[PDB]
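Protein chains in written order, with PDB author numbering: chain O, 159 to 160, 176 to 316; chain T, 1 to 251, 330 to 671.
Remarks on the structure that follows.
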Amino acid sequence: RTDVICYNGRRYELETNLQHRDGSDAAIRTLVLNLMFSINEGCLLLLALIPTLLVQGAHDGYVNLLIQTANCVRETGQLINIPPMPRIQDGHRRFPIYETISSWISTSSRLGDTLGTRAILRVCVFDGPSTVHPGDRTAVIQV
Amino acid sequence: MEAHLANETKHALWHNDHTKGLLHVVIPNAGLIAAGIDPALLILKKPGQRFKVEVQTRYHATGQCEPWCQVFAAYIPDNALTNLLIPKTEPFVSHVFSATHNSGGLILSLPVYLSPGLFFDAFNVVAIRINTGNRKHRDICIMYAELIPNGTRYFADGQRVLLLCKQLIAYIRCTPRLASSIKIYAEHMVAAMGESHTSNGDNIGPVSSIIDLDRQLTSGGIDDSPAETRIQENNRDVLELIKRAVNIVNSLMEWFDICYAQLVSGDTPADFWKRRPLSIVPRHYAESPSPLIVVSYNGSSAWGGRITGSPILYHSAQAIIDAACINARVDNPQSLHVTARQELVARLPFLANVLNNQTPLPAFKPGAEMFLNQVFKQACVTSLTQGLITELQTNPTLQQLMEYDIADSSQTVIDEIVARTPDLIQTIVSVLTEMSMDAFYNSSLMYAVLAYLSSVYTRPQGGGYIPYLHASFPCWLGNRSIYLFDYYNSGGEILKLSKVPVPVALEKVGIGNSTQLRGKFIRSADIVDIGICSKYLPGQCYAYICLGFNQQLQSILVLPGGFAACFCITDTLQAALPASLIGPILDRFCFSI
């Protein structure tokens with residue numbers, strides 16, 4: 159600013190409603206925080222490996238599952254620096270891959286905690302099937 | 001090699017100010033034998049000293065100076081060549097390769113000037129500061145001619161890698177392990193290097209492959225210059241046309335890298351640059367038989383690198399000067415024609431500041447600090463002795479005046495020293511031409527005198543005089559807190575006895591009338607190497623002579639016997655030495671933020 178869902182032949186309708194900007198500031202703050210926490214030093218190395226990646230994937234078969242949705246990723250791949258192989262300050266106890274994967278894990282955990290509602294409700298069915306049906310009565314089981 | 005590589009990111013991030021180009025320079029440690037110090041305390045031993053090395057420039061009759069450079073390095077003993085050439089294999093260290101008794105090495109940062117107007121000459125001396133004893137520091141001083149010799153060794157490095165690769169191949173093949181695939185692919189790679197070179201010649205040919213530096217540091221200085229390349233290509237074209245006329249008329331390491339990574343399972347910074355040709359820029363001297371090997375990166379467009387074309391040659395700055403000098407058959411450009419002077423000014427913008435005769439200085443002596451400080455110390459000592467002798471001649475009263483803690487049975491010899499004051503002053507005067515001048519040329523007195531003058535003439539353009547670190551800490555606001563006492567014997571002969579002065583506390587009791595002096599002491603909990611000379615009682619075969627000085631160049635006599643003279647020599651130094659003698663001092667010892 160600044176629908177139809179199909180599942181097993183069933184269509185679900187929704188009605189959106191957005192007329193206030195009280196949460197727009199929070200949304201932009203959290204998205205900019207996620208963007209700032211997501212950038213790392215491995216992106217340059219990943220972008221500097223597109224020819225090798227496409228060569229490896231030419232005889233792999235797992236290409237359509239990414240190119241059916243990566244309509245702009247391929248276009249933006251050639252619009253980057255593509256630097257040559259850099260030189261690390263030390264080659265004994267340096268590993269940016271570990272740092273970037275740790276940062277990604279931390280950010281994923283943070284976003285899962287922020288977007289995850291705490292609800293300790295794990296029921297356990299007995300005898301009958303676990304699937305519930307509209308119009309039946311069940312019990313409460315605490316785990 | 002690790003600290004310098006880590007610190008290289010600061011130079012890498014630099015984009016503007018191309019007048020400071022950092023490069024890797026290796027300084028051999030062959031000259032450390034004459035240092036006379038302990039090598040153990042030079043790398044890692046008793047941390048706290050914080051040894052640092054600074055690099056500064058020295059101009060000539062132009063003014064200003066470089067604001068130093070915060071750099072540091074560490075040495076490496078026990079055959080540093082073996083661990084810097086052969087890849088690090090500490091977990092599986094064995095009897096690999098063969099070499100003689102090697103030595104250590106060091107890396108020093110030296111900025112270089114790169115610009116369209118390169119220019120080259122020998123008129124600047126690089127000063128290196130070492131945080132060691134000022135007595136015989138064993139430093140070096142070279143001009144800019146040795147820094148940029150305009151040469152590189154690109155052909156001699158090819159054979160060095162061949163011996164190492166042959167040795168490693170032989171070592172791999174000598175052990176019967178792994179599988180036959182490695183052997184067969186190594187054989188295929190060897191055969192791929194030549195048809196008749198291996199099938200009809202030899203595969204490896206160890207013969208007499210001994211790791212030594214015989215033809216590597218002797219020839220190959222000027223071999224890849226553009227003129228040499230043109231001559232070589234002309235010769236190759238001539239040979240090709242000769243071969244054509246004779247004919248007409250008669251009458330690839332990918333597998334090796336993978337296997338090395340699988341076997342060694344360890345990387346060192348001295349392996350990535352082995353795949354590309356290196357550059358060697360040695361600069362030896364007769365002072366010590368050790369070449370100054372210089373290594374330059376090949377993957378960057380730095381000085382000496384050859385990755386895109388012709389590197390920096392430092393040309394177009396000598397032919398014009400030679401033509402101007404030979405036009406009138408006069409070497410000195412000062413006595414040349416007006417047209418020659420105008421041409422020199424136009425071609426060399428930096429040379430226009432010498433023709434106008436600005437900031438006059440006698441001749442061109444960059445190394446003037448030594449004898450300048452010697453002359454200043456001699457003048458200060460002569461002024462001090464003149465003041466003390468005049469005050470002694472005009473000294474009122476007689477014998478002792480105040481109490482003085484003197485034993486009853488020891489006072490019979492105290493007056494003997496006082497009665498021999500003319501003999502003492504005569505000996506002091508006469509010793510100026512007999513005592514060695516190498517014992518008081520780098521003491522704390524000259525440093526304190528130099529720091530005292532920092533208050534006056536705080537740069538022609540201003541400055542707060544705020545150093546960062548490693549500066550005159552005892553002399554910051556006043557010299558009345560820390561004193562410098564020199565102990566000398568009595569009689570007809572005076573010679574140096576102590577080694578390092580120790581401050582002695584002093585206070586006045588009486589607040590008027592006959593002033594009294596009674597020294598005190600301050601308990602210190604930071605050092606234990608303190609002499610007991612200062613704590614010695616006034617008795618016990620008399621005592622020494624003390625002459626303290628404050629921050630106002632005021633000397634108070636502490637001679638036992640009830641004699642005390644106060645004279646100021648702050649105005650005598652200015653009268654004898656004018657303000658034109660502090661030119662180099664202000665040029666060098668100045669800093670601003």
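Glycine included, each C-beta is placed from N, C-alpha and C at the ideal position.
Within-8 Å CB hit, residue i to chain O
i: T/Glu8; result: yes
i: T/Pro67; result: no
i: T/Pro91; result: no
i: T/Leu5; result: yes
i: residue 278 of chain T; result: No coordinates are present for residue 278 of chain T, because the numbering of chain T runs from 251 directly to 330.
i: T/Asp345; result: yes
Own chain, CB closer than 8 Å to residue i, minus 5 neighbours either side, in chain order
i: T/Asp501; result: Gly569, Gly570
i: O/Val305; result: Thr311
i: T/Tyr566; result: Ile572, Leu573, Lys574, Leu575, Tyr622, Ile623
i: T/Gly194; result: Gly201
i: T/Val53; result: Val71, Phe72, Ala73, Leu108, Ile128, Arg129, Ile130, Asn131
i: O/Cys297; result: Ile314, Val316
i: T/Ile43; result: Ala74, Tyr75, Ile76, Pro77
Bridge-paired residues (DSSP) for residue i
i: T/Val416; result: According to DSSP, T/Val416 bridges with nothing at all.
i: O/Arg194; result: The partner list for O/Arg194 (beta bridge, DSSP) is empty, contrary to what the question assumes.
i: T/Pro28; result: T/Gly105
i: T/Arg666; result: None; T/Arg666 has no bridge partner.
i: residue 274 of chain T; result: No coordinates exist for residue 274 of chain T; the numbering of chain T passes from 251 to 330 with nothing in between.
i: O/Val177; result: O/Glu186
i: residue 252 of chain T; result: This model leaves out residue 252 of chain T; its place in chain T lies between 251 and 330, and no residues are given there.
i: T/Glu54; result: T/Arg129
i: T/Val373; result: T/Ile358
i: T/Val71; result: T/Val53
i: T/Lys598; result: T/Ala583
i: T/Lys574; result: T/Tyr566
Neighbourhood of residue i by C-beta distance below 6 Å, restricted to the same chain and skipping five residues each side
i: O/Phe210; result: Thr280
i: T/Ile560; result: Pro552, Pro581
i: O/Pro256; result: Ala221
i: T/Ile398; result: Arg425
i: T/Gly31; result: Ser366
i: T/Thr62; result: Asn431
Sequence-distant residues of the same chain with beta carbon closer than 7 Å to residue i, five excluded per side
i: T/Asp349; result: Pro87
i: T/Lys166; result: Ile204, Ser209
i: T/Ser532; result: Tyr543
i: T/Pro545; result: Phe669
i: T/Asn134; result: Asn520
i: T/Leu462; result: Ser633, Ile647
Contact with chain A by residue i, beta-carbon distance below 8 Å
i: T/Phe667; result: Judged by its chain identifiers, the structure shown contains no chain A, and its protein chains are O and T.
Along the segment 261-272 of chain O, where does the CB come closer than 7 Å to a CB of chain T? Name the residues.
Of all residues in the segment 261-272 of chain O, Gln262, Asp263, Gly264 have a Cβ within less than 7 Å of some Cβ in chain T.
Does the contact criterion of 3 or more C-beta pairs under 8 Å hold for the segment 3-13 of chain T versus the segment 112-131 of chain T?
With a cut-off of 8 Å, the segment 112-131 of chain T and the segment 3-13 of chain T do not count as touching, because too few Cβ pairs lie within range.
Measuring CB atoms only, is the segment 477-492 of chain T touching the segment 629-639 of chain T, in the sense that at least three cross pairs come out at less than 8 Å?
Contact holds: three or more Cβ-Cβ distances are below 8 Å.
Count Cβ pairs between the segment 145-165 of chain T and the segment 356-375 of chain T that sit closer than 8 Å; are there 3 or more?
Yes: the two stretches touch, three or more of their Cβ pairs being nearer than 8 Å.
Contact the segment 416-423 of chain T vs the segment 437-445 of chain T: 3+ CB pairs below 8 Å
Short answer: they don't touch.
Is it the case that the segment 517-524 of chain T contacts the segment 447-461 of chain T, given that we only count it when at least three CB pairs across the two stretches are under 8 Å?
A contact exists between the segment 447-461 of chain T and the segment 517-524 of chain T.
Taking one C-beta from the segment 21-28 of chain T and one from the segment 87-107 of chain T each time, how about it: are there three or more such pairs within less than 8 Å?
Judged by Cβ distances under 8 Å, the segment 21-28 of chain T makes contact with the segment 87-107 of chain T, as three or more pairs qualify.
Determine, using beta-carbon pairs with one atom in the segment 80-96 of chain T and one in the segment 339-354 of chain T, whether at least three such pairs fall under 8 Å.
Taking a cut-off of 8 Å on C-beta distances, the segment 80-96 of chain T touches the segment 339-354 of chain T, as three or more cross pairs fall below it.
The segment 268-276 of chain O / the segment 197-205 of chain O touching (three or more Cβ pairs under 8 Å)
Cβ pair count under 8 Å is below three, so no.
Cβ contact check for the segment 135-153 of chain T and the segment 221-228 of chain T: 3 or more pairs under 8 Å
Counting Cβ pairs under 8 Å, three or more are found: they touch.
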